[PDB]
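Here's the structure we're looking at; comments come further down.
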Amino acid sequence: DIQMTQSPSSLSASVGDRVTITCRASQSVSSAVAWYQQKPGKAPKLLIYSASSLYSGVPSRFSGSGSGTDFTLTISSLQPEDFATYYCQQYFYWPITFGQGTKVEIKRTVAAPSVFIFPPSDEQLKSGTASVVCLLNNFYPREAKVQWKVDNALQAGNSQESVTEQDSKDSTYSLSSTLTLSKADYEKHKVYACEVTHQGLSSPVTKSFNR
Amino acid sequence: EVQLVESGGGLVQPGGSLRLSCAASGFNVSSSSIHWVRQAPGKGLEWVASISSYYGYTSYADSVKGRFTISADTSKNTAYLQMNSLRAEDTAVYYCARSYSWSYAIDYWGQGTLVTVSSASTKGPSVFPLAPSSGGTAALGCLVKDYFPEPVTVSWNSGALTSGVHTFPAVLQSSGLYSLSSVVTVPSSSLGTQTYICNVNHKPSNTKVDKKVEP
Amino acid sequence: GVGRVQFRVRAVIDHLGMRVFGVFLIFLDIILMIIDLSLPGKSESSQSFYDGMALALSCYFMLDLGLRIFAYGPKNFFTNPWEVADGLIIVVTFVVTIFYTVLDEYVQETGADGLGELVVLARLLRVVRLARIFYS
Ligand SMILES: CCCCCCCCCCCC[N+](C)(C)[O-]
Ligand SMILES: CCCCCCCCCCCC[N+](C)(C)[O-]
Ligand SMILES: CCCCCCCCCCCC[N+](C)(C)[O-]
Ligand SMILES: [Cl-]
Numbered sequence: 001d002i003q004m005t006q007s008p009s010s011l012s013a014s015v016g017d018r019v020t021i022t023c024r025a026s027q028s029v030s031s032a033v034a035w036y037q038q039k040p041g042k043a044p045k046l047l048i049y050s051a052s053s054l055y056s057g058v059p060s061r062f063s064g065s066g067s068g069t070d071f072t073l074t075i076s077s078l079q080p081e082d083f084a085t086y087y088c089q090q091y092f093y094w095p096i097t098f099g100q101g102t103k104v105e106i107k108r109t110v111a112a113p114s115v116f117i118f119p120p121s122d123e124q125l126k127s128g129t130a131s132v133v134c135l136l137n138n139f140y141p142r143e144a145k146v147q148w149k150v151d152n153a154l155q156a157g158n159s160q161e162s163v164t165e166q167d168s169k170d171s172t173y174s175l176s177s178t179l180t181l182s183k184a185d186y187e188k189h190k191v192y193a194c195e196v197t198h199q200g201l202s203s204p205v206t207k208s209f210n211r
Numbered sequence: 001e002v003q004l005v006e007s008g009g010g011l012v013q014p015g016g017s018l019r020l021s022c023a024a025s026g027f028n029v030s031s032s033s034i035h036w037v038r039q040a041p042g043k044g045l046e047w048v049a050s051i052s053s054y055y056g057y058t059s060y061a062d063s064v065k066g067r068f069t070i071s072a073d074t075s076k077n078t079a080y081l082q083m084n085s086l087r088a089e090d091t092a093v094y095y096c097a098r099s100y101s102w103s104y105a106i107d108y109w110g111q112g113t114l115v116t117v118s119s120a121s122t123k124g125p126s127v128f129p130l131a132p133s134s139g140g141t142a143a144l145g146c147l148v149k150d151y152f153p154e155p156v157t158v159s160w161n162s163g164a165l166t167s168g169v170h171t172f173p174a175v176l177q178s179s180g181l182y183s184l185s186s187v188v189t190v191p192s193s194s195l196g197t198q199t200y201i202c203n204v205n206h207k208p209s210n211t212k213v214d215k216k217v218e219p
Numbered sequence: 101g102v103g104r105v106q107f108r109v110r111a112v113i114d115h116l117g118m119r120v121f122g123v124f125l126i127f128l129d130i131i132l133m134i135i136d137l138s139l140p141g142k143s144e145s146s147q148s149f150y151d152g153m154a155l156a157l158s159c160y161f162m163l164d165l166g167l168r169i170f171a172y173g174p175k176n177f178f179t180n181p182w183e184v185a186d187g188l189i190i191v192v193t194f195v196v197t198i199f200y201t202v203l204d205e206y207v208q209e210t211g212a213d214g215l216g217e218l219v220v221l222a223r224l225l226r227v228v229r230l231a232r233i234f235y236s
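First to last, the protein sequences are chains L, H and S.
Every letter in the first sequence is one number past the one before it in the authors' numbering, and letter 9, counting from 1, is 9.
Heads up: the second sequence runs through residues 1 to 134, 139 to 219, numbered per the authors' numbering.
Numbers given in the authors' numbering equal positions in the third sequence, counted from 1, plus 100.
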């Protein structure tokens, strides 16, 4: 029941920046603190053990320090592959406990998305449902707004978005928005459009199709 | 040469039971500590259990005490997590991991196995093409629709095509069924020349679908 | 000149009264440890007190050692395994205890891992001490 209070919960920094993550143990744990890096869909990897010892093979850019119950992971020269969630952990008392993690995002230059719209296949239309997909490809920063229009009527409540994690080479995101309709409602309308708002676009861009 | 290969995860009904196993290579389970750590989808890490066989020493988190049991077969160099009376909240990726001994930092983790506790039935996905529109860069993909439970793998051209590929996180829906998209950007000049197939695999339902995506 | 005082120290060190009172301190040290490990949820203040008493004793055995090394001279004391053992043991136990009780803010700078097991190791060595006395 040792609490590891870890902050910030997320941060965004440029390549070459010094990044600091802090963990405070609810009471003393000597130096039995470890730091872990978990990349998306992967298992965590050990970075630092005993508060300040670098684990063999880990880049020196990661260092751990402590003062009393305060523990700090420092990434002294942020690299673009450093996008990850970082967890502190105490292993002095049972049960072993983790901080809530810090999500690290790499800050890069603004990139506008390439926008693609996909009508529903004929195959899916035999099922009686129509999915319309809007793809925003390779943009930064992550904030983006997709608005669906059907014959200029603005749609609400009938779409779902999903975003990839930050790329590890070019640091961008991609996003997918699906508009879902019954086959009957789909065939009542001609113009299908998604309008994308994003910082890298001087004004919102629309992709559309008819039928 | 250190490896931890876990298996035995899957869909299980509330009240049901499951046994995970962790095959160890490169060190002796008999003289090391084995741990199970779990991660609920979109959440942090929670230590579940440990065995340090050398001390006859096992240990458990209160959240699983009485229901889970960790053990090891030193001759098979394998650890086990027996999980009984499973509950909705036990849904997670379960990682096997090791440290040099109980007072040492965990230094290696396996890639884990997903455990889904739910009364809902298994359901394979329907796969639909996202056809490319009409130098040049085109986008195409496939939509993997209406499946349960997670997770689906999607590859392009049996893994030969990876560049420009984005496979998106599944979204839940109202039906209680998942849906995702996998897309790829290709040179528009390759359309008509080069064949693009998405290979969708949903193990829980033994479903294997290959979809040729074309203009 | 040296070998003289090195003689008076032994004239005390050898004595039954200090051979036994040093044996009594060993029992005391273990008893302490048991009480320390058996009292539930003791405060930091109390813990400091039991930690203090363990360090006090550990320091005594460190001095006792530094004389039995001084009283027969290094070269001569070193040769007997049944003595180098006991002295190694005293030192290891003292290093663990010093960090546990005084230098814990600086334990990370050792880069040591497995602290819990080193503590357990050190507690067992205090019992192993008597397993040397038993042969005498
Ligand atoms: C059961 C006797 C063990 C007493 C503890 C000894 C100190 C621990 C030293 C680390 C050794 C770890 N191990 C067992 C893998 O060798
Ligand atoms: C050469 C390294 C010696 C380290 C010996 C182990 C000391 C660990 C004591 C830490 C005690 C932590 N706490 C909270 C009880 O004070
Ligand atoms: C007490 C035995 C363990 C030995 C640990 C290594 C000894 C060198 C201490 C310096 C460690 C440096 N650093 C930054 C990891 O603390
Ligand atoms: Cl580096």
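Positions of the beta carbon are idealized from the N, C-alpha and C atoms, including for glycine.
Original post:
Over what stretch of residues does the alpha helix (DSSP H) that includes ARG119 (chain S) continue unbroken?
Top reply: The residue you call residue 119 (chain S) lines up with position 19 of the third sequence. Annotation for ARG119 (chain S): the continuous alpha helix (DSSP H) segment containing it runs 116-138.
Original post:
What are the boundary residues of the beta strand (DSSP E) that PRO174 (chain S) is part of?
Top reply: As a working mapping, residue 174 (chain S) is identified with position 74 in the third sequence. Where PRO174 (chain S) is concerned, there is no enclosing beta strand (DSSP E), although the alpha helix (DSSP H) it sits in stretches over 174-179.
Subject >> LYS103 (chain L) - containing beta strand (DSSP E), residue span >> reply: In the first sequence, the residue the question calls residue 103 (chain L) occupies position 103. Taken as a continuous stretch (DSSP letters only), the beta strand (DSSP E) holding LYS103 (chain L) covers 102-107.
Original post:
So is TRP182 (chain S) buried or exposed if we call it buried at 16+ other beta carbons inside 10 Å?
Top reply: Taking the third sequence and counting its residues from 1, the one referred to as residue 182 (chain S) is at position 82. Exposed, by the Cβ-count rule.
Original post:
Closer than 6 Å: is that where the CB of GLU209 (chain S) sits relative to any heavy atom of ligand 3?
Top reply: The sequence position of residue 209 (chain S) within the third sequence is 109, counting from 1. Within the cutoff, so yes.
Original post:
Should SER65 (chain L) and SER52 (chain L) be called a contact, given that it needs their Cβ atoms to be closer than 7 Å?
Top reply: On the first sequence, position 65 is the one that residue 65 (chain L) refers to. On the first sequence, position 52 is the one that residue 52 (chain L) refers to. Yes. Within cutoff.
Original post:
Going by other Cβ atoms of all chains shown within 10 Å of its Cβ, with 16 needed for buried, is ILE131 (chain S) buried or exposed?
Top reply: Within the third sequence, residue 131 (chain S) is the residue found at index 31, counting from 1. So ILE131 (chain S) counts as exposed.
Original post:
Is any heavy atom in ligand 4 found nearer than 6 Å to the beta carbon of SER63 (chain L)?
Top reply: Within the first sequence, the letter at position 63 stands for residue 63 (chain L). Closer than 6 Å to some heavy atom of ligand 4: that does not describe the Cβ of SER63 (chain L).
Subject >> Backbone CA spacing between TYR54 (chain H) and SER31 (chain H) [nearest angstrom] >> reply: Residue 54 (chain H) sits at position 54 when you count from the first residue of the second sequence. Residue 31 (chain H) sits at position 31 when you count from the first residue of the second sequence. Using only the alpha carbons, I get a separation of about 5 Å.
Original post:
Taking the continuous alpha helix (DSSP H) assigned at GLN124 (chain L), which residues delimit it?
Top reply: Counted from its first residue, the first sequence places residue 124 (chain L) at position 124. Run containing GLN124 (chain L): 122-125, per the alpha helix (DSSP H) assignment.
**OP:** From the DSSP output, in three-state form, read off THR22 (chain L) for me.
**Re:** Residue numbering aside, residue 22 (chain L) sits at position 22 when the first sequence is read from its first letter. If DSSP states are grouped into helix, strand and coil, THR22 (chain L) belongs with the strands.
**OP:** Give a yes or no on whether the C-beta atoms belonging to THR69 (chain L) and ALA32 (chain L) are separated by under 7 Å.
**Re:** Mapped onto the first sequence, residue 69 (chain L) falls at position 69. Mapped onto the first sequence, residue 32 (chain L) falls at position 32. Going by C-beta atoms, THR69 (chain L) is not nearer than 7 Å to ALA32 (chain L).
Original post:
Excluding the five sequence neighbours on either side, which residues of its own chain have a C-beta within less than 7 Å of the C-beta of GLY122 (chain S), listed in chain order?
Top reply: Here residue 122 (chain S) refers to the residue found at position 22 of the third sequence. Contacts found: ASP164.
Original post:
Does the beta-carbon distance from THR102 (chain L) to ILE21 (chain L) come in below 7 Å?
Top reply: Along the first sequence, read from residue 1 onward, the residue named residue 102 (chain L) stands at position 102. Along the first sequence, read from residue 1 onward, the residue named residue 21 (chain L) stands at position 21. The answer is yes: Cβ separation under 7 Å.
**OP:** Check each residue of the stretch 209-227 of chain S: if its Cβ is closer than 7 Å to any Cβ of chain H, include it; give the result in chain order.
**Re:** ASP213, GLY214, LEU215, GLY216 and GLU217
Subject >> Start-end ranges of the beta strand (DSSP E) lying completely within the stretch 134-168 of chain L, minimum 3 residues >> reply: 145-150 and 159-163
Original post:
Would you call the stretch 88-96 of chain H and the stretch 25-39 of chain H in contact, with 3 or more CB pairs under 8 Å?
Top reply: yes
Original post:
To which residues does DSSP link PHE71 (chain L) through a beta bridge?
Top reply: The residue labelled residue 71 (chain L) in the question sits at position 71 within the first sequence. DSSP output for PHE71 (chain L) lists L:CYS23 and L:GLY66 as bridge partner(s).
Subject >> Simplified DSSP state of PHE234 (chain S), which is helix, strand or coil >> reply: The residue given as residue 234 (chain S) occupies position 134 in the third sequence. In this structure, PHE234 (chain S) counts as coil in the three-state DSSP scheme.
**OP:** Quick one: which residues of the stretch 25-57 of chain L get their C-beta closer than 8 Å to a C-beta of chain S? List them in chain order.
**Re:** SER28, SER30, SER31, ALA32, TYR49, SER50, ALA51, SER52 and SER53
Subject >> Where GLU105 (chain L) falls, given that 16 or more other Cβ within 10 Å makes a residue buried >> reply: By one-based count along the first sequence, residue 105 (chain L) stands at place 105. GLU105 (chain L) comes out buried.
**OP:** Within its chain, find whatever has a CB closer than 8 Å to the CB of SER17 (chain H); leave out the 5 residues flanking it on each side and keep chain order.
**Re:** Residue mapping note: residue 17 (chain H) aligns to position 17 of the second sequence, counting from 1. Counting only Cβ-Cβ distances below 8 Å, and skipping sequence neighbours, we find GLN82, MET83, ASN84, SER85 and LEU86.
**OP:** Determine the closest residue to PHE92 (chain L) out of H:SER103, H:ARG98 and H:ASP90, with distance taken between C-alpha atoms.
**Re:** Numbered from 1 along the first sequence, position 92 holds the residue referred to as residue 92 (chain L). Measuring C-alpha to C-alpha distances from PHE92 (chain L) to each of H:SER103, H:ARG98 and H:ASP90 identifies H:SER103 as the nearest.
Subject >> Span separating the alpha-carbon of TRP94 (chain L) from that of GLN208 (chain S) >> reply: One-based indexing of the first sequence puts residue 94 (chain L) at position 94. One-based indexing of the third sequence puts residue 208 (chain S) at position 108. Looking at the two C-alpha atoms, the distance is approximately 20 Å.
Original post:
For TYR104 (chain H) and chain S, any beta-carbon pair shorter than 7 Å?
Top reply: Start at 1 with the first residue of the second sequence, and residue 104 (chain H) comes out as number 104. With 7 Å as the cut-off, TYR104 (chain H) counts as an interface residue toward chain S.
Original post:
Using a Cβ-Cβ distance under 7 Å, would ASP204 (chain S) count as near chain L?
Top reply: Stepping through the third sequence from its first residue, residue 204 (chain S) is reached at position 104. So, interface residue.
**OP:** Taking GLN100 (chain L) as the query, report the chain H residues whose CB atoms sit under 8 Å from its CB, ordered along the chain.
**Re:** On the first sequence, position 100 is the one that residue 100 (chain L) refers to. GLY44, listed in chain order.
**OP:** Would you mind telling me which residues of chain L sit closer than 9 Å to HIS206 (chain H), beta carbon to beta carbon, in chain order?
**Re:** For this step, residue 206 (chain H) is matched to residue 202 along the second sequence. Result: empty, since nearest Cβ-Cβ is about 17 Å, beyond 9 Å.
Original post:
By DSSP, does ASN203 (chain H) sit in helix, in strand, or in coil?
Top reply: Your numbering for residue 203 (chain H) matches position 199 in the second sequence. Three-state result, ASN203 (chain H): strand.
Original post:
Where DSSP assigns a beta bridge to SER176 (chain L), which residues make up the other side?
Top reply: Your numbering for residue 176 (chain L) matches position 176 in the first sequence. BP columns for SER176 (chain L) point to L:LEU135 and L:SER162.
**OP:** Could you pull out every residue in the same chain whose Cβ sits closer than 6 Å to the Cβ of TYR186 (chain L), ignoring the five residues on either side in sequence?
**Re:** Position 186 of the first sequence holds residue 186 (chain L). If we look at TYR186 (chain L) and ignore the five residues flanking it on each side, its Cβ neighbours are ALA130.
Subject >> Cutoff 7 Å: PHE62 (chain L) Cβ touching any chain H Cβ >> reply: Residue 62 (chain L) sits at position 62 when you count from the first residue of the first sequence. It does not; no Cβ of chain H falls within 7 Å.
**OP:** Please report the residue range of the alpha helix (DSSP H) in which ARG110 (chain S) lies.
**Re:** Residue mapping note: residue 110 (chain S) aligns to position 10 of the third sequence, counting from 1. Looking at the DSSP string, the run of the alpha helix (DSSP H) that includes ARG110 (chain S) is 105-113.
Original post:
When burial is assigned at 16 or more other CB atoms within 10 Å of the CB, is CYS22 (chain H) buried or exposed?
Top reply: Taking the first residue of the second sequence as position 1, residue 22 (chain H) is located at position 22. Buried.
Subject >> Per-residue burial, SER75 (chain H) [other beta carbons within 10 Å of its own, 16 or more giving buried] >> reply: Translated into the one-based positions of the second sequence, residue 75 (chain H) becomes position 75. Flag for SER75 (chain H) reads exposed.
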